[PDB]
Each structure stands twice: as C-alpha cells, then as structure tokens.
Amino acid sequence: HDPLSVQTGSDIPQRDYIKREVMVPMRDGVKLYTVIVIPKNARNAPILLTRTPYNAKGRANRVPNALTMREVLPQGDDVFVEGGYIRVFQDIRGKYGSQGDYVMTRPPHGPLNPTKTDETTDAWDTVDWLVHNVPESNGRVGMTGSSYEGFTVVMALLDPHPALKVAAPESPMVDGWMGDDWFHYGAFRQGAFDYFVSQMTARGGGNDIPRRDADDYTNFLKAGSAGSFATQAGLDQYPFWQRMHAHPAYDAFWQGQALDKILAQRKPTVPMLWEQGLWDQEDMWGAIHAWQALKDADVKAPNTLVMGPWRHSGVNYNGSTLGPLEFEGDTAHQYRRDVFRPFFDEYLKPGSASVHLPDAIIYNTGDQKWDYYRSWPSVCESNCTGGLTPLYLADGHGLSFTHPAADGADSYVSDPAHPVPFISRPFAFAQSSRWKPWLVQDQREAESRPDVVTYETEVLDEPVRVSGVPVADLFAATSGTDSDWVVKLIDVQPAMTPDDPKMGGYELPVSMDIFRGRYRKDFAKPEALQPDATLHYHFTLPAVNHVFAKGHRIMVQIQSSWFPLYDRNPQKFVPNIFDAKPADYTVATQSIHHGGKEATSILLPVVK
Amino acid sequence: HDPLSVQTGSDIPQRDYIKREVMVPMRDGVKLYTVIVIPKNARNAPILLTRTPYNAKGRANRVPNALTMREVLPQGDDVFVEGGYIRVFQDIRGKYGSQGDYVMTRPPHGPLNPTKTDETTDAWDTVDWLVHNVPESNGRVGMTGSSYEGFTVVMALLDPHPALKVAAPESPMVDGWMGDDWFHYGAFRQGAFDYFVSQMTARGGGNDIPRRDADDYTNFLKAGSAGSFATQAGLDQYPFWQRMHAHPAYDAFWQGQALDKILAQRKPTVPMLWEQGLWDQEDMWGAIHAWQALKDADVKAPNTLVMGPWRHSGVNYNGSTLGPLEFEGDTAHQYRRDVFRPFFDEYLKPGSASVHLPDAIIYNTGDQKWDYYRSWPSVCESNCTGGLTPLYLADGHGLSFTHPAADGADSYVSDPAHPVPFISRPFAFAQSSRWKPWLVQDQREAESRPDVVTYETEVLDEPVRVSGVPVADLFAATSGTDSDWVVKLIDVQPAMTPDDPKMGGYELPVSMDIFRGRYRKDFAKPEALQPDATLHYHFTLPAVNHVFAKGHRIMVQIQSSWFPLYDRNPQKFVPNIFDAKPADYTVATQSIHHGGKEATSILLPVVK
Amino acid sequence: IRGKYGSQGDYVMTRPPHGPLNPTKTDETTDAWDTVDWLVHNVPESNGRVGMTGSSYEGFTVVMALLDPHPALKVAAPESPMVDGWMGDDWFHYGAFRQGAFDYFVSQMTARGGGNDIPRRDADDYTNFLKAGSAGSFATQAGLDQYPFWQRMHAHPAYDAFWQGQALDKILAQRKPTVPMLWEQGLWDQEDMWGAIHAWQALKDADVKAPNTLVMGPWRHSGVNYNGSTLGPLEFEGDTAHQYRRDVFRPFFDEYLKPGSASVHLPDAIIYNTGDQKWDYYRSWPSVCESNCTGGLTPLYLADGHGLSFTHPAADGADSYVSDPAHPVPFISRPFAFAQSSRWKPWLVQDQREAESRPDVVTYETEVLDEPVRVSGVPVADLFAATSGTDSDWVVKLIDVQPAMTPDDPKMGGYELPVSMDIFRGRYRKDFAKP
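Residues numbered from 1 in each chain as written, not as in the entry; some residues may be left out. Chains lettered and ligands numbered in written order. Part of a larger assembly, values for the part shown. Heavy atoms only, no water.

- By the naming in the PDB entry, chain C is Alpha-amino acid ester hydrolase, taken from Acetobacter pasteurianus.

- Where the PDB entry is consulted, chain A appears under the name Alpha-amino acid ester hydrolase, with the organism given as Acetobacter pasteurianus.

See below:
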C-alpha cells in the first residue's frame, strides 16, 4: 500500500531564547516544577524569580511558544527582557506540575506549621539550586511577584538565601483578616468562595462555582448567610474553608499569619521595594503595613514604598487609565523603567549605577504627577512632623474644618433585605472587567438612597492637599446589637467638566473601607453592641496622595452594607455571622452623631 | 487693476425632485411657510402632508440640498418616496417661516379659543390651497406626523377638508394632563421646562435652560419644587407656563383640550391609522385612547390601531432594537412598507388594491411577531368577550393568581430627600440617547432599595399570555396626607440567558405608570389623603401584548417617587405642588395591603 | 471521534470511507453505526430514535453515517459539511490552496487532545506568507513536514484518485440513502461552500427516495448555530438562524423522532433572500440552470467602457491588467492573521472598493438600475482570458453595489457587497486531474 495515498495508521506523529523545564528538589525530596527562560547568548545574566500558584508553564507562555522572549513573558517583564535578565517561574508546592501537599497561604514554621518545610525553605532551596545549576547566570537572584506571587516573596524574606540580593513584593497577601483578601476589619469578602474552588479543587486548574442567577446580588441574597452559600456550593468538604469558618475573629489562627508583624521581628537586610495600587481592590493592607512595620523596626536596608494610580496588580500592565480616569502616561511602565529596573540592576548587575530612593514614591491623583517623598508620611496620629486635621460632620449635611460646638445626629434605616450594592447591579464575581476598577466608580447611586447618609463641603475656593492615611473617627449608634460601618472619603468633581462632560459632579472615592462593629474593642474578642448607645469607632482608611482642587468638594458617605462583596451583618449579635439564620437578620435605625464631645470626623492627613 | 489678481470688492457673490417654498394664506390673512417636494416628471401624484412646529425647511432637508429626494426627506418617508408621492411640510401658525401668533397646542374653537381660526381651519385652508395649486398632484391628500405633528393631524380630523382622504396620527399629543407630555395622572413631568424655553423663546429656534450640574437629579433636587426651578430659569414670563401653573388639576382648562373626547363627539369618516410605541416615553395615552373612543362611538370609517416595539416616534426610524432589546427585523420599516403605505395608496392612488385591516395590529413582545387582531382587546373590565385576571400580591413578597384569604401588609419608607431615580444617575434631560429607551431599562437598581417593594411569582412552568390594558387595583396607606404611587409590571428574564449573558435575570418593564394620590376620587378636585388609612386606587397602565414564557417570572414593583422625570410629591397636602416649600417635604411610611378584602393586585388582560 | 481527546484509536484526518484509501474494517461510518446501536440499547430514558446533526467536521461525521446508517437513525441534518476538500471546501477551491489549513493541522494533529497554533514572526500573515515564499516553504519552516496528512496533501496537489475517493457527494449519490435529510449551509459560508449544495443536488439527481431539502440562510460558516441577525455590517430580518432552528429544523426532527408529531412537507429548498430580506420556500429549485431546468441562465456580458450589459456586444475587445506576485491583492484589508476569527468569519461580505482602486483588478458595472433584477440559482463564470505567463489564477466576483447614498445608514453608500465569488486555478482548465 502506497503511504502517500493510503493511511492505515495515525496522522498524529528561530527563537531568541531557550526554555528549560526542571524538577528542583526541596530539602524533603518534594520536587517543584520550574521553568527557566534564558536569552540566547546570555552570559553572567541576573535571575528574576517568581514562585506562583497560577501555573508556571502558562505564566512563561503569554504568547504560547513564541519566537521572541518579549512575547513569551508577561507585559510586566518588559524592562527585564530588555535588560537581558534570565526569568524563572516556579510552581509552588502542591500546584500544577509540582509535587507535595498544597496548603492555602501556607503558614510559616511555628504553631500553625510544625513540619520541616514552608514557603521560606522552598524559596531557599530554589535559589540555592539556581545559583549552582544555571551557568548562564551571575548567581545573583531578585524576587518579585504580585498578589499570591508577592506573598511568596515576603515568605522568602523571612529567611533569605544569601544569593537573594533584592526583593519587590507587589500587592502582596500579608494579613488576610485585617484588610487583604478574606476579611476587611472582620467583614467577610464573598468573592473568596470562587477563589477557593478554583485553586483547591485540584492540583491543576479548577472551575468556578455554578450559578443560578447571572447577578450575584441575587445569588447571595437568596442563599442568605455566607455559610449557607458555601454549603450549597459544596465547600464544607474543603479543609481551608473549615478552618476559616471556625475562626471568624482575629484569634491565634490569623495572628500567626500576620506577615507584617513577623517580618518586622526578623528584620531583613535585603533591599526592598514595596508596591501597591492606590485603588488596589484585593490587597490594600499588605505592602503599606509591611513597609511601615519595617520602617518602625528601623530596618537596616533600603525600604521604599511605591504607590501608583492602579488597581490590584496594575503595576504589571498599562497604568494610563483606570475606569473612566485618565493619568499622565503609562504610569506602570514609568515605574517599571525608572524605579524598578534601575533598583534591581544596582544589586543584580555589579557595576550598575547606584540609586538613592526616598521613603516613598507616590503618584499624586490631584496634581497628576509622581511625588518623591524623602520622609513619609509627614503627618499622622503620633510620632510625626505634624498631626491629622479633622474634617467634621455638621448640620445640613455639611463638612467643616471647624469643630461644631452643638450636638446633633442624622439617622438612616439599614435593612438587610435591601442591602446597598457595592457597584451597580447586576454584578457577578466572574466579571473581571467590572471588578478590577470598582473602587473608582461614581458613588452617586449610593447618595440617592435613604439607607446612606452623605455630607459635603461647600465648593472649594482653595485646594486642600492630603498625603498620608486618613482615619475615621466615628461616633455612631445602632438600634440593633451588631452593625457594619462603611465610610467613604470622596472627591466630588466640578459640577460641570466641559472637556469631559460625563465627569461633571462625579463622586470619586479616593479612600473607603468597612468596619465590623462587633470588633470595636478587640479584634480577637467579639462583643455585642449596646442598642441606642452612641459608640466610638476609630480605624484607618486606605492611603491618599491627592489634591481636592478649586471647584471640587470633599464628601463623606456612611452606610451599613456593601453587597455582595461583603456579607450582610445581621444587625443582631450572633456567635458566628457565617451561620446566621433567616430570622436573625434585623432591620435597624443607625444614627451618626456630629458636634460636641462625640463629633464624628475624618482625620485627614492635610499637608501644606 | 487686474481682477484675477487684485480683489478690492468682496469674495462673497442634477436633482430628481423640485422643491417649492410658498406662503399659503389662511382665511384671516396670516401666511404659513409651506415646502413642497415633488419628484421629477411627477404627474397625478398624491400629496402627503405634515404640519409642524419644528422647522419645515429643516424637516424637508434631512441631508441639506441633497441630490436625491430619498436623502432630502426623513427616513420615515422612505416608502412614500419610493411610491412617487409629493411631500409637504408646513410651519404652523407662529413658528419659523410662518406669520401669526403662536399658542402652545392651540385649543380648538370653543371656550379656550374664541377666535375665528385654530389648527383645524389652518389645516382646512392648507389642503384647499394644495389641491387647487399643485398641478403635478391628483388633488388627493393624506396627513401624517408624530408627536406635535400628530396633534396637527388630530386637529384636522375635527373638521377635515373633503380632499383629506386618509390620516395617520403617530404618537399624538391628545390629553397632556391624563398621560401624554405635561402630566401623568396629575404627576408633573419636569422635562417640559426645556421644551418650553426651546419652542417659545422665539418664533424660530430657541435654546435649552443653562444648568449648574451635569446631573438633573441634582439640579432639580437643589431647586426644590418644580415651580422653584421654573422661576430660577425665568419661566415666570412665559404665558403658557403661567396657565399650566394656575391649573395643576384636571379642571376646565385641561378638559377643554382632551382631544379624544372631542374627536369622539365629531365622529370623523376619514379612514384612520392610529399609531404609538408600546414603550412610548412621551405620548403613551394619545393614540390608544383616541382610537378606543372612536371605536366606542361606532365611527363609520376604517379605524385601526398599530403598536410596535418602539420608543416615541420610533416608527419613523429603525425598529430593530430598543436599548438592549432585539426584535425581529426593522419592525418600523415592516409597518411602513406592509401596512402604512398600502393603506394610504388605497385612498390616495385610485385603482390601488384594497386592504382590509383588523381592529389592531400589535407586535408581540414575547413571541417576537406581529399579531393581527380582528377584534381588540378581547378582555377588559366591561363590555368585552372576557375579563381581567387578577395577579394578587401575597405573603413572602410573592404573586399568585389565587386570592390570599388572610390579610397582610408590607411597608417601605419614602423620603423625598432621597427620591428613587427613574433611571440611573447621572442623567440630564439633554441626553436623548438615555431618554429614548428609558422604559425598557433594567429595574434591578430600584429593587435593591428599601424605598421600593418588590413582588414576584415563582419561575413559570407554563407561559402566560397578556393582551390588553392592565389595571392597577391598589390598596395602599401612607402616613402623610398626599403621595404618589408608581406601579410597575415586569417580565423577569430567565435567571441565566447563555446566548446573551447580560440579560440574565433582567427586570424588563412591560408596563408602568404613576398616580398622584390627591386625585384618587376626582381628577378635577384634589383632596388630602387620610393618614394611615388603606385607600383604594384604581387606574389603567400602558397596554401590553406579551408572553411571559417558561423560565421567566412576573414581577410587580411599587414605589412613591420617580425622579427627576416627575416632580416630588411632598407627602403633605399643599394647595399646589408646583409651589411646595422646603418645609413641606415630609418623610412617610407607605404600606401596601395584600389579601382579604383589600387584596392589591394587577388586573392582567390574560388571554388563551 | 476515534483518535481525539478522550477516545482511543488512531486519528486520521477526514478518515476516508472503506475502499482504496481505507482497507481497514472500520471507518467513520462503522463508528457511527456502532455508536447508535449502543445508544438505543443502553439509554433507558430514550425512545430508541436517533437524529444526527453537526456543522463543519461535525457535519462530515453525519454524512459518513449516511453512507450506511443504523436503522434507528431516523433523520439527519448535515450543516456546512466537509464533502469535497479539493473542489471547494477546506483545503482547495478549484485547485487553489487555502493557506489557513496549516494552523488547523498543527492544532488538530499535534496531539490526541489539544494542540497549538504555529508561532508567527509578524502580526500580519500577508507578510509572514509573502516572506516565506511558497506554501511548502512556509510548511517546512513550521515543522509540518513531519505530519503524515501534510505529506499526503503535498503529494497530491491535483484532483487525482486521492481526492476523488473522498468526494462524498459522488459516493453518497451512489448509495442513495432513505433517511430524511435536511442539508444546510450559509450563503456566505467562508469554509465549506461546496458541501451541502452539491451533496443535496447529487441526491436530487439520483432521485433519492426520502425527504431531501436544502436550506441556505444569510450566515457565515456554522452561523446557523448562533445568532443570524447580522453578518459584518449587514442586518437581516431578525435572528434568521433561530427562525430556522424553531420553524424548520425542530419540527422536521420531531416528525421522525417524536411519534405522533405533526408532519411537515418541506419544499426542495428554503432560502433566505438577501434582497427582499425574507425566507423563500421553493417547491422546485433551482428553476433556471445550464441544462435540464425549466429555464436557462441569462448572460450578463462585459463590455466596453468597463460596462456590463445583458446585450451581447458584437465587436471584439479586451481590457488588460498586470498581475505581480510580489504585490498580491489582499483578500481583506491588511493587516490580517488567520488567528483573528472576528475578521475571518464575515470576510465574504466585506466592501470591495479597496480592490477596485487597484490597477491589478479590473472592474465592470451596469448603469444604476431602473428596474430590479431577481436572481436565484448558481451563477456560472464564462471567462475568456489570456495571460502572458504559463499558468494563472482567476478570481471572479459578482457584486451588488448599494445606492450611491444610503441616508438611513450612511456608511453603506456605494458599498460593493459581494454576493458570490470564487477562484479558479488555471492549470486545471481542461482537466482537474491532469494539470
């Protein structure tokens, strides 16, 4: 039979870089899948390493099997591809092509991890193997990564290999209870469920949770409590959910995973560049708190904080815009080329010029430029050059820098059957395009509701500059025995913006957060609220570096639900909110006090 | 001096139709600017006439001075350009090129107009002139036009010239107080202000009212009452506003302008084609009420109602879509080609084939097809082949065709300081793109609020067909002495619509209206509402021809504000809501009773 | 199917039927047979009645089942099926080779499961293929020389025994099935234009003893399974695909698959009219063609002054244009890469004004029409052409020029909308099997 005409068998049988796939053994014999991308004719090149739970093979295949290194590696690696670096992506223990048991945000060695290995030792063994088994490299390794990839960098900094010469944790997962991915001051973030099934259903890729309605406001409201939704989704068989469910409060389980505290105790000497977006919608707490903790522990190494006009992980893509907002050029690329690259070159490419970075490099969302701050912040509640400036709530739904002498209060009814949408309906957690820029969305929809109270200054005659961390000084009462308190600090654009009409009167949030009331006194010991008693809440809000220009107004909005992002507070003290029952959800009248000795205000970091 | 090089003076000195401009004298000597567009070599051609307050020169110049008749005339005249008709546009008395005094919706001869002329005589004199002075025509005239252009048709029908062989009023202005442009059941429509300043500032073109804020929700809320906004915009010097301001109730002034009642008394024999969009956002009352009144007076002429899936005047453009909805082809062109044109040809082009139209030709928003109804409606409250089927509000925020035996009530707070946006903020009346398809927008935003009560049936196992006019049978209490009641009948799409994901769970309004409570007993004589008393309200909603298919749900939403489209009911009986003062605006608790002898329901025109 | 994803066995591209190209005991026909037999004996919830359907390669599997169908296969609906890959479906059009096949090969034959596309140098495939030179040179650079199916295709550029033995239209006509069939394809099917219509016509000519209806909508390839409201910038009367599925496909399937269901009496062809914007039900179709029809074709003649007329010009004449392979005419605007599905799908309805503006394209047109001309059938190019070379391709396009101005939709003014176009490789002028 002619083989060029009859087939009785089966028809199934130029690059500027080389890719190597290796199984790196750890101290305990578990081998991790590691991909190494090396430029052709690379010699004595530094190594840029990232450890990830998101498929190393795919991470190094942006354009699958491309002909150029620039195409095969992520957009964020553009400056390093141009600099001639070797790039390494590795699958963390128990994910994709790596062996071992996978533990979600594996705790460091201690009470929560008595084994002989963790993410610090895995990073250690990885760097050791690289400097002894990659001849094209100069033996100098730099670590970087965003989100969970940033968590792995922080974990390496607990006990770094001597060949790790510099680190750049980006929007890292530091404290998941205080203000990163799982909770914000005790208030649970319901998007976590899809993340758990997606990352822990299998070693490799997993799926999302099938939905009934296209709108998650409907899906979660019909299921009732968060635990009820988890049970219906089959999450009760997932070990990490069983632990989280059992630890709703900031007890030993969470305290033992607060990497900002742990890192400050270790005091690393590896140069660090901490980064996060001003509108980071997934890990807002991480970088800034780690950087501040190190700064307070008087760390003996470069320790610079960088904050750009970006959403979560935005630093690795185009930072020219965010939602309807426009910035001065590709701010992400600007940072990667002018700060990130030169800083990494100093420690990874001997003979490279030295850079002297200040305490903080922060984009100014008002002036539309990069600010270099030698010492930062210049104002705060204690041990700073200056103090905070209270912007008090007042009568007539006003805001004034003058303390109102007389007492007063404004009330609103919070009904858990009609919770305030965090963004316009309909929304599903799968809708990435609407999730990413959510923090910069107009708050006018919220202003129009009777379950949201809004205060604003007169139109500004002179600009007010703010740079630092604002603090909510709230004096509020609830008729119930529990409640959540959402406080938003907003820049109201000029009534009319003729050069871009859609922005006229736009209520742009510059900083907002939620606080779960049962933790007012102690995050580790929840207690019921006293009904109808005005109580004092004091908590830090996301950092600002902004200017409220002439023609704008400063606005503050307060409400008691933010759904479906945050589960509903039943407004009745129950042992565990995850297990709240239908009958537990109670309507309550909330009252915000202003003036006198209970003068609610936002402590603003005003600067000259 | 060489003229081809040195200029010491001034440099300022193929069609398939002919355009004539003529000043046609009326009986009193006033001359009206008339534009006649005639196809080349036209002989014995019928005339299609439209009388307008929107600039006849411009109306017949879609593409200015175009080389083809098809381009020079509007999209809606396409089928008549193809049929060889002569097209006439005329400026009504007092506008643009016409002489005379302009009177907004000039009332017919009677107590509101004691002069010798009106829109009826002007139309009579115009037709008389055309049949004697257009040699290329056959002396047969058909009239058509939408909105105000529809009003001029209806006015001609009161006493038509014998040469007026056929008429097509499209979304006409018939009763401005009951449910067309100025009020809906006494609730004032605040877009009217711009319309006034635009059409009554000068003989020719006018301007809009300058705004402080980009969002009309803000502009109107800060102004307070509608009269306050009017005063600030300088409307107190406009005679028409002075009259409307003095007649907020349905007194002699408005009764004397109800054309549906007047026309029924006259009983015209000119064949008529009444048209309106199912989602007509400006003149929902007109066409259907006028047609029904002629039908009831047993008019001796063809009298057919046509309702397509259109917005106001949508019949003259493309009817393939409306907002995010998609229909079966260009439904507007389908009507123009298959019904409008042949019907007009029967009476204007001797020897043309006859057509036998049914009572109503109505697009089915469920089956996605045109329905030809010999007799319509087949169900109504009295004198029909059948009756309405009550869909009762029930416990658990449900809806059921079974009368609930037990009594019950659901409450909601209505705060005039936080009125419910009729569509998402921000919105300015100038944004035509958002105004046009507003009646088909998703109602999920409103559902999420505590100042709106929502009821729904279980997901349907069997479809329910509706065809006719639904009736709100409402048993509601308010703690104030006045209130508005907004009732919405909605088709909730399947939880998931995988072919078009964004429609999943979409709350599509098929019929909604508002009722100003002070008019519960008599439209002419407003009276305060009894605080905390459950009162009976009974009123018709916009017509429906729909099928709630399997997987969908039927929903009812009730609220007490719809801003800024409708001015706010202060919820305190004041003599004139236009003049309400800030202090008058009161917060109230609303209660909708369900079951027992006060069983609130929507009387649905269910059909088999 | 055998050899792909979760299935065992060897995978052969468009596995030929048992015969000279396949001497094994199995093929797609026997695989379908066995599959149906298993279904009716192992699915208690069913009624034992099976209907088959599918588009593209999924349609090819329906056709292969029709060569010897299991008795439980009561109805079939092959959609834009792969029938003759050399005459006018996926690999060639009249011998002219389709260069997007390379990506398909690597994607579908690199592994049992999923594969990848071929890594590109430039974003524009116009540039990639023009720099590589010949099609074979591109294939060699991509590593295709190690793929058995490409080896065979490379060795059989002409319509020899290898292709003739896989012309399923001919084969099926010789087998004369008696299973009711609904053949479907888009009027602008950009991947399998030959399949459905030729298979349907061959059965009609063989006087098949079973319902045999042809359905063509205003769709791209496989468009019948999505939304048929639009295609490129064109707008049709509603979701034409859904209309078909609900009003024709479903009831037809029910008649034979749900005992007791109302019977349907479909005509020869149900075709959407791209002019009148409505569905046409043709009892006998076509009504005009070259031979054995009620009527014949009407020639539209090229004439002087670049005109077109129904009058046969008496005098002889010629218009010339220079064809330079270093500057080939882009089939759609540059840049284009086969990976760009959004641009590939509606390519047949794109404006031809860019082409008209070039000196390597000749354009002829009628005067603006005073009366409409209605067409329904298969047009035939009767081309008298000379070339200074020894081979040549000839692309002929039949176009509807929209009115000079379309004020209701301004962008369509003077739009040159192709209603029918194809290419013919010159070397096969006398015989497809002998260049």
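### Some thoughts on the relation of the copies chain A and chain B
Argument step 1. For the match of chain A to chain B, the screw axis carries a shift of 0.0 Å, the RMSD comes to 0.1 Å, and the turn is 179°. The transformation just described matches what one would write down for a two-fold rotation axis. Residue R449 of chain A, judged by its C-alpha, is the member of chain A lying nearest the rotation axis, at 3.5 Å.
Argument step 2. Looking at chain A, 100% of its interface residues are interface residues in chain B too, so the copies touch through the same face. (Least-squares fit on C-alpha atoms. Contact = heavy atoms within 4.5 Å.)

### Section: the domain arrangement of chain C
Residue and element names in this part refer to chain C.
Argument step 1. When cut into domains, chain C gives domain 1 (1-89 + 167-283), domain 2 (91-166) and domain 3 (284-435).
Argument step 2. Computed from C-alpha atoms alone, the centre-to-centre distance between domain 2 and domain 3 is 27 Å.
Argument step 3. The interface is formed by 22 residues belonging to domain 2 together with 20 residues belonging to domain 3.
Argument step 4. Both faces considered, domain 2 and domain 3 share a buried interface measuring about 1,600 Å² in area, 59% of it formed by carbon and sulfur atoms.
Argument step 5. Summed over the shared surface of domain 2 and domain 3, the result is 1 salt bridge.
Argument step 6. Where domain 2 packs against domain 3, one counts 10 residue pairs in polar contact.
Argument step 7. Counting residues per element, the ones that place at least two in the side of domain 2 that touches domain 3 are β4 (96-97) and α4 (125-132).
Argument step 8. When residues of the side of domain 2 that touches domain 3 are assigned to their parent elements, the largest contribution, 5 residues, is made by α4. (Domains from an automatic or database assignment. Buried area = accessible area lost by both parts, 1.4 Å probe. Salt bridge = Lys/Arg side-chain N within 4 Å of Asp/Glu carboxyl O. Polar contact = N/O pair within 3.5 Å; in protein donor to acceptor, adjacent residues only side chain to side chain. Helix = DSSP H or I, 4+ residues; strand = E, 2+ residues; numbered from the N terminus.)

### Some thoughts on the packing of helix α8 (residues 168-175) of chain C against helix α9 (residues 195-205) of chain C
Residue and element names in this part refer to chain C.
Argument step 1. Following both chains from N to C, one finds α8 and α9 inclined at 25°, their axes separated by 9 Å at the closest point. In terms of orientation, α8 lies roughly parallel with respect to α9. For the pair α8 and α9, the sense of crossing is right-handed. In this structure, α8 uses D169, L172 and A173 to contact α9, whose residues at the interface are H198, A199, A202 and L203. (Axes fitted to C-alpha atoms, helices over the stretch in contact; angles between N-to-C directions. Parallel < 35°, antiparallel > 145°, perpendicular 65-115°, else oblique. Left-handed = near helix turned anticlockwise from the far one by under 90°.)

### Regarding the sheet that holds strand β1 (residues 50-56) of chain C
Residues and elements named next belong to chain C.
Argument step 1. Here 6 strands make up an open sheet; going across it, the order is β1-β2-β5-β6-β9-β10 and the pairing mixed. This sheet does not close on itself; its edge strands, each paired only once, are β1 and β10 (278-282). On average, each strand axis in the sheet is inclined to that of its neighbour by 15°, with strand direction left out of account.
Argument step 2. Bridge count for β1 against strand β2 (residues 73-81) is 7 bridges, and the pairing is parallel. Bridge assignment links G54 to a residue of β2, and that residue is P78.
Argument step 3. Contacts between helix α2 (residues 57-66) and the sheet are confined to β1, β2 and β5 (181-186), with β1 contributing the most and set at about 135° to the helix. (Pairing = 2+ DSSP bridges.)

### Description of a nonpolar patch on the surface
Argument step 1. There is a patch of nonpolar side chains on the surface, built from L300, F310, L369, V373 and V375 of chain C and spanning about 490 Å² of accessible area.
Argument step 2. Checked against the element boundaries, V375 of chain C lands in the loop between α12 (353-356) and β13 (393-401). (Patch = residues over 30% accessible without salt bridge, like charges linked within 9 Å, V, L, I, M, F, W, Y side chains within 5 Å. Areas by Shrake-Rupley, 256 points an atom, 1.4 Å probe, with all protein chains shown as cover.)

### Some details on unusual backbone geometry
Argument step 1. Note that the residue after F563 of chain A, namely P564 of chain A, is joined by a cis bond; omega there is 0°.
Argument step 2. Positionally, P564 of chain A belongs in the loop between β25 (553-559) and β26 (588-594).
Argument step 3. Here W285 of chain C and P286 of chain C are connected by a cis peptide whose omega angle stands at -5°.
Argument step 4. Unusually for a residue other than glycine, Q368 of chain A sits at a positive phi of about 65°.
Argument step 5. As for its placement among the helices and strands, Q368 of chain A is situated in the loop between β13 (360-364) and β14 (369-373).
Argument step 6. Of note, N292 of chain C is a non-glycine position whose phi angle comes to about 55°, a positive value.
Argument step 7. Structurally, the position occupied by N292 of chain C is in the loop between β10 and β11 (301-303).

### Topic: the nonpolar core
Argument step 1. Core analysis: the largest hydrophobic core is formed by 157 residues, its most contacted members being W182, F193, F196, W241, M244, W274 and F344 of chain B.
Argument step 2. The biggest single contributor to this core is helix α13 (residues 331-348) of chain B, with 8 residues.
Argument step 3. Within the second largest apolar cluster, 141 residues are counted, among which are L32, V141, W285 and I602 of chain A. (Core = buried A, V, L, I, M, F, W, Y, C linked by side-chain atoms within 4.5 Å. Buried < 20%, exposed > 50% of the residue type's maximum accessible area, 1.4 Å probe, protein only.)

### Concerning the pairing of β26 of chain A
Residues and elements named next belong to chain A.
Argument step 1. Within β26, 5 of the 7 residues are buried, which leaves the element mostly enclosed by the surrounding structure.
Argument step 2. Pairing of strand β20 (residues 471-478) with β26 involves 3 bridges; the strand directions are antiparallel. Looking at β26, one finds that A477 is bridged to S591.

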